[PDB]
Amino acid sequence: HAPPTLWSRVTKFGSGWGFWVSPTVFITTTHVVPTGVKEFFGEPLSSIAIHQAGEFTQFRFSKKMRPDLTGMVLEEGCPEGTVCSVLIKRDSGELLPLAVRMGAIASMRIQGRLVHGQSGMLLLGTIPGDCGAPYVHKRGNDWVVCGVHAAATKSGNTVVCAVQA
Ligand SMILES: *[C@@H](O)[C@@H]1CCC(=O)NCCCCCc2nnc(o2)CC[C@H](NC(=O)OC(C)(C)C)C(=O)N[C@@H](CC2CCCCC2)C(=O)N1
Ligand SMILES: [Cl-]
Ligand SMILES: [Cl-]
């Protein structure tokens with residue numbers, strides 16, 4: 001069961017969502033990031049440290065933005081066959097954690113954009129507004145994040161998270 005604090009890390013952002021991995025580190029999907037604006041979470045762009053690639057975007061802020069959070073481990077994808085949870089929040093407030101069996105890490109063409117990502121089979125679907133939602137699994141006690149929601153197949157039964165370098 002994902003605890004409340006873990007859900008409180010999922011945060012609206014641009015056209016979708018992102019995830020506070022630590023008090024200073026926030027992750028999302030590159031394409032949900034809102035273009036042509038000058039500040040994120042009240043800080044000016046000049047004060048944030050961005051690493052973007054493969055549709056996976058990483059923000060490192062100067063100050064603690066979520067002092068209340070304990071840092072958790074951010075992997076590059078997760079082992080094949082790992083059953084993950086996608087911590088989806090809807091605009092309405094509803095929480096919808098989705099179980100997903102993860103397949104392999106692969107480069108992928110998706111609408112002309114190159115995506116470093118990991119496919120997964122759903123075990124209830126996702127929707128266009130869900131990009132940026134974290135993929136997580138419990139590794140004993142600590143919770144591990146391995147990706148952010150980025151795409152779904154025609155049917156909607158297979159999904160894809162962008163993963164780090
Ligand atoms: C977040 O922005 C969004 C997530 C969508 C989602 O999780 N589920 C949609 C449910 C399926 C409805 C049926 C449908 N309608 N269009 C599509 O599927 C195709 C969407 C597209 N996938 C795709 O092209 O996959 C292949 C056809 C198999 C190659 C897709 O997921 N597009 C995402 C935006 C892209 C992602 C890469 C970076 C540029 C933008 C998308 O809509 N994601
Ligand atoms: Cl937590
Ligand atoms: Cl919450």
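When a residue number appears, it is its place in the shown sequence, counting from 1. Just follow the structure's listing: the first ligand is 1, and inside any ligand the first atom is 1. Note: hydrogens, waters and symmetry copies are ignored here, and every other heavy atom, side chains too, is used.
Every atom of ligand 1 with a heavy atom of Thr126 under 4.0 Å away is listed here by number and element: 6 (C), 7 (O), 8 (N), 10 (C). In the vicinity of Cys131, heavy-atom distances shorter than 4.0 Å reach the ligand 1 atoms 1 (C), 2 (O), 3 (C), 4 (C), 43 (N). Distances below 4.0 Å separate heavy atoms of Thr153 from the following atoms of ligand 1: 11 (C), 18 (O).
Looking at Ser155, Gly156, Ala152 and measuring to atom 25 (O) of ligand 1, the nearest heavy atom belongs to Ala152.
Ligand 1 has no nitrogen or oxygen under 3.5 angstrom from a nitrogen or oxygen of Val32. Annotation: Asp130 places no N or O atom under 3.5 Å from an N or O atom of ligand 1; distance criterion only. For a threshold of 3.5 Å applied to N or O pairs, the pair formed by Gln111 and ligand 1 contains at least one separation below that value.
Side chains of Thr57 and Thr30: a donor-acceptor N/O pair is present below 3.5 angstrom, by distance only. Residues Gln52 and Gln58 bring no donor and acceptor atom of their side chains to less than 3.5 Å of each other.
A heavy-atom separation below 4.0 Å is not found between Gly16 and ligand 1. Within the 4.0 Å heavy-atom cutoff, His149 counts among the residues contacting ligand 1. Ligand 1 lies out of reach of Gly125, whose nearest heavy atom is not under 4.0 Å from it.
In this structure, CG in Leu74 is found 9.5 Å from OG in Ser22, a value given to the nearest 0.5 Å.
Of all the heavy atoms in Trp143 and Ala2, the pair that sits closest is CZ2-CA, 4.0 Å. Of all non-hydrogen atoms in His31 and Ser15, the two that sit nearest each other are O-OG, 4.2 Å.
Comment: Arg90 engages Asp130 in a salt bridge, judged by a side-chain N to carboxylate O separation of less than 4.0 angstrom.
For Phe19 and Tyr135, the ring centers are positioned 6.0 Å apart or more.
Each of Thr29, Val163, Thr28 was evaluated against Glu55; a single residue qualifies, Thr29, per the side-chain contact (heavy atoms from CB on, under 4.5 Å) test.
Only the backbone of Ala150 comes within contact range of ligand 1, with a heavy atom under 4.0 Å; no side-chain atom does.
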